[PDB]
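Consider the single chain below, provided in structure tokens and representing the form deposited without 6-ethoxy-6-oxohexanoic acid (9J6).
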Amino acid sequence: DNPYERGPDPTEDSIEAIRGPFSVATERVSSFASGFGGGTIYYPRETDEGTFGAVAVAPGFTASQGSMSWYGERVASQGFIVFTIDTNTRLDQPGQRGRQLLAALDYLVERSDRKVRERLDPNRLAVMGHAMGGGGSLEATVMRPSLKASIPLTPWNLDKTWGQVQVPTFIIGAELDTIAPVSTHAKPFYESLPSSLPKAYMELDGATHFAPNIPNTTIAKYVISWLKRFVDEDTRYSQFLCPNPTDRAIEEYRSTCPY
């Protein structure tokens, strides 16, 4: 038995659901957060199944210097601690965003409120981010190879070579993205990741750069499946990842399936 399995067996509808099986509480972080600005921690309330892995999330833009994000409730309710951090769109760069993602994770492990800390398995951590924060997801995995998963969303990075990445990486591209075009960012990153790495690339049909900023069931279901498979080692979710998804919303999918 896998000690990290959480929640009932997944179904095609459960992975698409807006709210998963866990109820979610939040903790706002504004002080003692210099390495990442600030953020909101979303966590499962139920403790009877054991502790949870965590994902730090760096969005591309949040209005009015906010930190809440639709990923928080949608992912945390599937059994994860989700820490959505502040953004500075006009200044964020990938290496810095990678540092901030890791600072957010280290905050969770070392300084988070006891209600979060007691629910956290500090050994099972992941990163995800949008745009320069997606470039930062890649950067973070090189800085901290012990991470369990990385999800660069419409990632932007001048550095196209990621052959040193050791962390299972799922890149989501937006087909019509003109800010981080998939032909020169997402796909070159994906193809330079090692052939031996569990990896995937999902291109959203007709989508623009800002698609990850709005609730999107295709993003959510495969983000959830990736985090389950790699943060929780939960092979009940392999069935949704391999063979490659064929959803109508997907223009193209590439992977190193089977994992």
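Shifts are known only where both forms have a C-alpha. Between two forms, the rigid core is the largest collection of C-alphas that superpose within 1.5 Å. Quick note: we count residues from 1 along the sequence shown, nothing fancier.
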Inset, instruction - Taking the mean of the C-alpha B-factors per stretch from the entry, tell me the winner out of 86-94 and 160-168. - result: 86-94
Legend entry - Residue stretch of maximal mean CA temperature factor, 223-231 vs 27-35: 27-35
Inset, instruction - Using the temperature factors in the entry, find which of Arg124, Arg114, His130, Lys187 has the highest value at its Cα atom. - result: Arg114
Inset, instruction - Tell me which of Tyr201, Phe52, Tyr42, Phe61 tops the list for C-alpha B factor in the record. - result: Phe61
Inset, instruction - Select lowest, middle or highest to describe the third in which the CA B-factor of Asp13 falls within its chain in this entry. - result: middle
Inset, instruction - Using the B-factors in the PDB entry, rank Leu193's C-alpha atom against the chain and give the third, lowest, middle or highest. - result: middle
Inset, instruction - Would you mind checking where the Cα B-factor of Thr154 ranks among the modelled residues of its chain, as the lowest, middle or highest third? - result: lowest
Legend entry - Modelled-residue ranking by C-alpha temperature factor, third containing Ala56: lowest
Inset, instruction - Name the third of the chain's ranked CA B-factors that contains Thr141, choosing lowest, middle or highest. - result: lowest
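The same protein also exists as the form solved in complex with 6-ethoxy-6-oxohexanoic acid (9J6); that form is not shown, yet it is the one meant from here on.
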Legend entry - Close approach of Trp156 to 6-ethoxy-6-oxohexanoic acid (9J6) in the deposited bound form, 4.5 Å, heavy atom: yes
Inset, instruction - Flag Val127 as yes or no: does it have a non-hydrogen atom within 4.5 angstroms of any non-hydrogen atom of 6-ethoxy-6-oxohexanoic acid (9J6) in the deposited bound form? - result: no
Inset, instruction - May I ask you to check whether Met132 falls inside a 4.5 Å heavy atom distance of 6-ethoxy-6-oxohexanoic acid (9J6) in the deposited bound form? - result: yes
Legend entry - Any non-hydrogen atom of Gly60 within 4.5 angstroms of 6-ethoxy-6-oxohexanoic acid (9J6) in the deposited bound form: yes
Inset, instruction - Select, from the options 60-68, 215-223, 229-237, 189-197, the stretch whose residues sit within 4.5 angstroms of 6-ethoxy-6-oxohexanoic acid (9J6) in the deposited bound form by heavy atom distance. - result: 60-68
Inset, instruction - Just give me the single entry in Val109, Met143, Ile179, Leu176 that has a non-hydrogen atom within 4.5 angstroms of 6-ethoxy-6-oxohexanoic acid (9J6) in the deposited bound form. - result: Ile179
Inset, instruction - Select from 200-218 the residues with a non-hydrogen atom within 4.5 Å of 6-ethoxy-6-oxohexanoic acid (9J6) in the deposited bound form and write them out in sequence order. - result: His209
Legend entry - Comparing forms between this form and the one not shown after core superposition, the one residue of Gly50, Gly66, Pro194, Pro215 displaced by 2 Å or more at CA: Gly66
Inset, instruction - State yes or no: after fitting on the rigid core, is the Cα displacement of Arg114 between this form and the one not shown at least 2 Å? - result: no
Inset, instruction - State yes or no: after fitting on the rigid core, is the Cα displacement of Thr89 between this form and the one not shown at least 2 Å? - result: yes
Inset, instruction - Indicate closer or farther: the Cα atoms of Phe61 and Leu158, in the deposited bound form, relative to the displayed form, with a change of 3 Å or more. - result: closer
Inset, instruction - Explain in one word, closer or farther, how the Cα atoms of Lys199 and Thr89 are placed in the deposited bound form relative to this form, where the distance changes by 3 Å or more. - result: farther
Legend entry - Structural rearrangement between this form and the one not shown, runs of 3 or more with C-alpha shift of 2 angstroms or more, core superposed: 60-68, 87-90
